[PDB]
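# Quick one, structure for this:
(chains A, B, C, D, E, F and G)
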Amino acid sequence: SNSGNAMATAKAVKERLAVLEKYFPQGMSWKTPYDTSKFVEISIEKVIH
Amino acid sequence: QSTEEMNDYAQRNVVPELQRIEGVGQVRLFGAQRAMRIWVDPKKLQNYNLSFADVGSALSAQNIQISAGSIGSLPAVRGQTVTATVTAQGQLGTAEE
Amino acid sequence: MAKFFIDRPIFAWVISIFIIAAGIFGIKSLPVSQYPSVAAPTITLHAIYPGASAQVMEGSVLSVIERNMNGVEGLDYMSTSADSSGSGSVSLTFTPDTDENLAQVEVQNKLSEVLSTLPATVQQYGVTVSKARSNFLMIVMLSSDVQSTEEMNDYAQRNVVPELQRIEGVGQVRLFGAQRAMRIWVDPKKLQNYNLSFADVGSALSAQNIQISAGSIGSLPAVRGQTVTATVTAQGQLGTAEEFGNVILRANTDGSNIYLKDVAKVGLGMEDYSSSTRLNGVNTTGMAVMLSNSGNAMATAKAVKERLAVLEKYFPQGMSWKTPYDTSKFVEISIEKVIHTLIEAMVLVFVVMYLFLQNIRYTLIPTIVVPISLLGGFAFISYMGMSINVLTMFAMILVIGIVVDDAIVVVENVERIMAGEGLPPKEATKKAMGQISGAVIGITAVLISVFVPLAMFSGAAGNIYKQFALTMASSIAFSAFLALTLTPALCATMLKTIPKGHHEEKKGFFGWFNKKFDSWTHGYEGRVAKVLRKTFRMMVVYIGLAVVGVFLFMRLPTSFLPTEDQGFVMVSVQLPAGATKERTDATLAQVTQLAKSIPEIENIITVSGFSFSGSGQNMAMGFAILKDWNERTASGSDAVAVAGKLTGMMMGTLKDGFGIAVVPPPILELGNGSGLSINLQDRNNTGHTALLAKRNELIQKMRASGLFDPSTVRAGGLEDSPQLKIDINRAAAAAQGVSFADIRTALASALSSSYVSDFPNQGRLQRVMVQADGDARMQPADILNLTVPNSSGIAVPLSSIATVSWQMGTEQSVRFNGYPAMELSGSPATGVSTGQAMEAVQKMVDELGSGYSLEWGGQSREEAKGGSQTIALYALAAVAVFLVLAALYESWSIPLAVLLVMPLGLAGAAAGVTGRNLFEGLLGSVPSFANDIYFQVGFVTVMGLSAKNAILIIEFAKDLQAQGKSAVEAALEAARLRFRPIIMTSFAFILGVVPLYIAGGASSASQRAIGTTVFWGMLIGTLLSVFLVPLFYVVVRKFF
Amino acid sequence: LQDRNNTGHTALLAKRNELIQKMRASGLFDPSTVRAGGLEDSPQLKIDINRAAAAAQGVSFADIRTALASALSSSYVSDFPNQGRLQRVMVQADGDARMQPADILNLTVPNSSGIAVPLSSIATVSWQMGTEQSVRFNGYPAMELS
Amino acid sequence: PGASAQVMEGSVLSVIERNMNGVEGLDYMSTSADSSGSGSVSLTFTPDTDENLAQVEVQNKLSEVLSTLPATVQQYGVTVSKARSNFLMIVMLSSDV
Amino acid sequence: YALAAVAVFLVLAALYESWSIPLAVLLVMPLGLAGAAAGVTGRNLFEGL
Amino acid sequence: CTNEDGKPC
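Numbering: from 1, shown residues only, chains lettered A, B, ... in the order given. Have a look at this structure:
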């Protein structure tokens, strides 16, 4: 959303998914293979280094 | 689980939780939630001389919600002791129905 | 900054004039109310679906509305509640920082997207979005005893309400009652006599009561030569009961024309008939005046009462008005208390200054510089956009003490110099200021540092802390400024020289007191020398005292705000499931005759068919309004004692149903309430019996196996009642000629109401509703003998189709965050805190398999987040105080001498609270004082004052040692120099807070809490510091 | 000019007319520029349907309401594509049929039998003098002048 | 449609106006009705009061009272406007064909 | 007008350390007022003439 | 104090 953050939103989504996984039916799993925040975090880490 | 069942579960449980997170602008499911699909056959309609509006109206008129009321309503006669809610289903919920 | 103004008195007076003007202009533009807004934004929907049950209503309206609301920016959580009365609500709570107006606008714009998908009836009535927050001001009541509630409701809505809305300051007026309506009471027997049906009545009334738009003559595309234009008019609407009774239902070929009066009776009635109010037994119609943000409450109450007294000259015979409850007398009393404490503080400081300094022109400087400080505080309050409210005035009452301590310090130093060295006022003032200026700046910095964190909290308690924080900090900053500019010049220009050898010659009470205080000071310095002689013993004694204080502090209950006697008591009647409004009315009459007996209760309002714990025909609630506190000065005449007496009498006499009286909390929205509210959900939509079984299993796990005081734990919904269900056999219904449209028609028409059209009633439109007569709506046989017409027009018994039967069903639904939920309550008994109790219940709910979850409710949402913010803020404040003190003293070690007096004040406050709880448990009723918001505020205040005293002592001892003395000599002379101003400040502040120690009347609960804390903290902490601070200095200088 | 004692429209109109009259002939205002602001009230045509006779002669009321509305008012029937835009189709009588009051006094309504039943019998048309505008200012009835 | 000035006023415009009291920053109100069945309510705020907050508050006060207004009004809807009323230019298109 | 006069008085009293010279300076406003009013009146008379 | 809203009363 306009005025939204990428890293914060991605982290929040993944945490909520980790919490929601407790009520999944039998056999169902989740995974985010496409995530646009890993690049931001790795770039900030490299710059700080 | 089939992909239709998983799509339904997603829409029901996972999508509302995700779209009320701080920052999510909108969530899009690559699929659709479930529905009751009636697959009409025109040649059978003709064998009986029916229509498509016939099916539409037969469905709309037999799958309605009945809001019955209550026994012993507020403007009552002197000496009424008990009230009670009335309940009639009216709606259909399975494919055999 | 002090020498500049000691030489420029007129410049100082000009700045004070500017401060006074700013403060007055701020006081004249400040909103006056009882409380601020602490709760977070909430919006509600309030749909209406007459005749729908909890299940039908929920599933077809409320779920559909709610599942379009995820994504409204700022949503915290979401709730839903439907009952068997035909009304349901969706309640969205938003996080703080959210704009209530933008939130409501967004909720409405989302609702508009789905309004079409709801049933046709729900669309006819309309969904009403609105904000929950209310700024309640007053209640108006019109009682007649001679006219019905409909006539009174109509008169109110037409004459009294539209004139109260116009008064300045009123933000909304609400009438509690159903409007008028043209009621048609159809008789089904007469209907079937003529072979008509309810659909005939509905269609005829919709076809014969219609609005006609005729048009105009001489319209715009006209013929050449047209000279006149004119609008045509026609009246196609009915307006009276006779015209409605003359409606034609069937015109025969014979010309007989059967009418609507043949099969029904038409008269003006009401819309719902659900609720019914009474004041002291007689009919009433109540309004609710609500203040507008940035409005004055006292002025609006005065204007409302005057307007009503003017309007009363046109009331019909028997009617009269009355405002039983009014929430402006609270803020008025708070203002009066502020003024009285200011005046008594002036008297006390006058007496102290004259007794010690022994002259009159010393008692005029504080009298001049304290009001200016409070005025600057008012100015700052106004700038930041706050209001005048009960909490702001308590903050003023608290800050008066510090603002008088400043002046006492400065004037006592100046007089000491003038008397000891025989110097003129200018030189003496210059010397005193050179001694105390840096110390004053450091004290101000430290006070700001310790008061800031109170404003950086979160939640509702954060909004409650912000009042005290900002008010006190602003007042203290202005007091410091006035102490560095106006007090020095006042001392330099008003005070007169002391002749060399003037004192020691007094012959009277003054000489006797001088000798007495000289002896007391000598004894005091002897005792402090003894204390300094043995250092290890006194230091271990101090460590013991500090640890004991911390212990007594931790072993102290918790709370938010104590319940206060606000003048009224609430009552909640509840009869067995299935009762009617007649038995509820009888029980309410019993309750009224009971509350008449209690001589402390003046008025009693009674509401039927409604309660905060659900809305049903077998519910009700009252409002017992007590006399003024002036008359209720006795042991068993407070709100809690009256509640107890009333509950006892109820349990004694009530025949049908039970009732309980309670004293509600202070802050109605987010005010202290007790319990671990829970909302057990099921993610898999397993059903209602399964979720109920799981709720009961959890209640069982909690009751005995857990540690939750098994009496308190309880379910919080509404027990299931028997219902009447009608299976419809479609197979047999089709074997005959009965369709399924006619079954729905018959069932929905036999028992429920119908909104058909509108009609103009003397100025305003109203509804027209069709419903059966009462005699055809009462027994279960009125639904079983409902014949339905088959395809051949003939009737068919509904027993050969439906087979009605009795069953137990749910009378209430609830969703939380989109999942069916069921509320539970509880409370950890003692020794177990909310933290581990909540962890235990979370693990319990974890034991129940997937598809069942726990969601916290109410205040548990705030209590769930750890209390790490408080510890973090307090540690950061301590670090900031240390930094400021190191900057002031130019040492990294000396600040430790002032940081060691916090244990003393903490121990004093905790011991005073504990001792009061013991003394009132032995001879009194219950422990009333705990570790709540007011304890926190009073403790911060005592800590600030003790830090100020210690700062001055240490800064005086550090300069003396620099002159070439030892450390013991420096500490001794600093104590001997600071003895007198400490005694004066203590006398004044303690005798000033004493009136808060015995507070009785309006809001005396918080006043007693803060009074106890401050009194005992100041006393004990001063008595200890007066002897220990020199020792802290000595050991901190010898250790490093 | 507000009225706060709810004295009606005729009284406020008379007061405004006298105020306009003495604003002229005072010397401070130049006449011919002192004028009542709101649009003037003019005569209107009133139709008084008689439901008793309308029913005795076997005439519905929806029929009367359809007749009256259709004769003098444009109806918006549908939308048509005009050169790449949806625009409105509107039905209305031609000018000759909606110019005089006789064009509405001589209407007829379907009887159950299908007959004319002139509106002159099941109604009564007459001239009135109605208000063309009703203004309020701050909650009270007002009238504007300048 | 079809309502006189008096009926239109007393049934819609007074209903809205009475509720529109207490809006933060309101200076004075004024309504006006005509025999065409079309009226208005104009609310004039104090200068130094923002147009956007004023409009949102007015919209919220209107929605609450909207449920009671007549059925034809709700069907056509009540529109909001905050534009000036004095002209700036007048563009004249002319042609001979 | 009263606010302007009071502000002038207060500012002058602060700057020069007196409650008297501000009075002396405030006694000079009536001269300006008389001048301005007489000027407007006289120009009105002249234009009418 | 009726019609769904209790009021402090």
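
# Only C-alpha atoms from now on, for both contacts and neighbour counts.
Will do.

# who's in contact with the strand or helix carrying residue A:19?
Taking DSSP states H and E as the criterion, residue A:19 maps to helix A:6-20. For helix A:6-20, the external contacting residues (CA atoms under 8 Å, 6 or more residues apart in numbering or on different chains) are A:30, A:35-37, A:40-41, B:14, B:17-18, B:21-24.

# Give the next helix or strand downstream of it.
Helices and strands here follow DSSP H and E; after helix A:6-20, the next one along the chain is helix A:38-48.

# Which helix or strand contains residue G:5?
Counting by DSSP H and E, no helix or strand carries residue G:5.

# Tell me which residues touch it, please.
Going by CA under 8 Å, 6+ apart, residue G:5 touches residue C:176.

# Ramachandran angles for it?
Per-residue torsions, residue G:5: phi -110, psi 120 (degrees, to the nearest 10).

# From residue B:21, how far out is residue A:41?
20 Å (CA to CA, to the nearest Å).

# which residue is nearest the middle of chain A?
Central residue of chain A (CA atoms, centre = their mean): residue A:10, 3.4 Å from the mean position.

# Surely residue G:9 touches residue G:2?
No. The pair formed by residue G:9 and residue G:2 falls short of the contact definition of CA atoms under 8 Å, at 10.4 Å.

# Geometric centre of chain G: which residue is closest?
Compute the mean C-alpha point of chain G, and by CA atoms, centre = their mean the closest residue is residue G:6, 2.0 Å away.

# Next up, the contacts around it.
Taking CA under 8 Å, 6+ apart, one finds C:611-612 in contact with residue G:6.

# Give the burial count for residue A:5, as a bare number.
Residue A:5: 13 surrounding residues under other CA atoms under 10 Å in any protein chain shown.

# Also residue A:23?
Per other CA under 10 Å, the neighbour tally for residue A:23 reads 17.

# Contacts only, for it.
Contacts for residue A:23 (CA under 8 Å, 6+ apart) come out as C:683, C:850-852.

# Go again with 10 Å.
With contacts defined as CA atoms under 10 Å, 6 or more residues apart in numbering or on different chains, residue A:23 is in contact with B:13, C:682-684, C:849-853.

# How about residue A:47?
Applying CA under 10 Å, 6+ apart to residue A:47 gives the contacts residue A:41.

# and what of residue A:32?
A:10, A:14.

# ok, now residue G:7?
Applying CA under 10 Å, 6+ apart to residue G:7 gives the contacts C:134, C:136-139, C:287-288, C:623, C:668, G:1.

# what do you get if the cut-off is 8 Å, keeping everything else the same?
By CA under 8 Å, 6+ apart, the contact set of residue G:7 is C:136, C:288, G:1.

# Looking at chain A, which residue is nearest chain F?
Residue of chain A nearest chain F, by CA to the nearest CA: residue A:3 (47.0 Å).

# again, but for chain G
Closest to chain F within chain G is residue G:8: 46.1 Å, counting by CA to the nearest CA.

# Tell me, how many residues neighbour that residue?
When neighbours are counted by other CA under 10 Å, residue G:8 registers 19.

# if I pick it, what's in contact with it?
So residue G:8 contacts residue C:136 (CA under 8 Å, 6+ apart).

# Can you read off the backbone torsions of it?
Residue G:8 adopts backbone torsions of phi -50, psi -40, taken as degrees, to the nearest 10.

# Give me the neighbour count for residue A:4.
What residue A:4 shows, counting by other CA under 10 Å, is a neighbour count of 12.

# sorry, back to before: could you check which helix or strand contains the residue of chain A closest to chain F?
Residue A:3 belongs to no helix or strand when assigned by DSSP H and E.

# That one: neighbouring residues, count only.
Other residues lying near residue A:3 total 7 when counted by other CA under 10 Å.

# ok, now residue A:18?
For residue A:18, the count of nearby residues is 12 (other CA under 10 Å).

# I'd like the distance from stretch A:11-23 to the chain centre, please.
Offset of stretch A:11-23 from its chain centre (CA atoms, centre = their mean, to the nearest Å): 9 Å.

# Can I get that stretch in PDB, CA atoms only?
In PDB, the C-alpha atoms belonging to stretch A:11-23 read as follows (Å, rounded to 0.1, in the frame of the first residue of the first chain):
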ATOM      1  CA  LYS A  11       8.200 -10.000   8.600                       C
ATOM      2  CA  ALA A  12       4.600  -9.500   9.900                       C
ATOM      3  CA  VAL A  13       3.100 -11.700   7.200                       C
ATOM      4  CA  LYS A  14       5.600 -14.500   7.900                       C
ATOM      5  CA  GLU A  15       5.100 -14.300  11.700                       C
ATOM      6  CA  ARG A  16       1.300 -14.400  11.300                       C
ATOM      7  CA  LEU A  17       1.600 -17.400   8.900                       C
ATOM      8  CA  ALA A  18       3.800 -19.200  11.400                       C
ATOM      9  CA  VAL A  19       1.100 -18.600  14.000                       C
ATOM     10  CA  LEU A  20      -1.800 -19.600  11.700                       C
ATOM     11  CA  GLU A  21       0.000 -22.900  10.700                       C
ATOM     12  CA  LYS A  22      -1.200 -24.300  14.100                       C
ATOM     13  CA  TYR A  23      -4.800 -24.700  12.800                       C
END
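
# Right, I'll leave it there.
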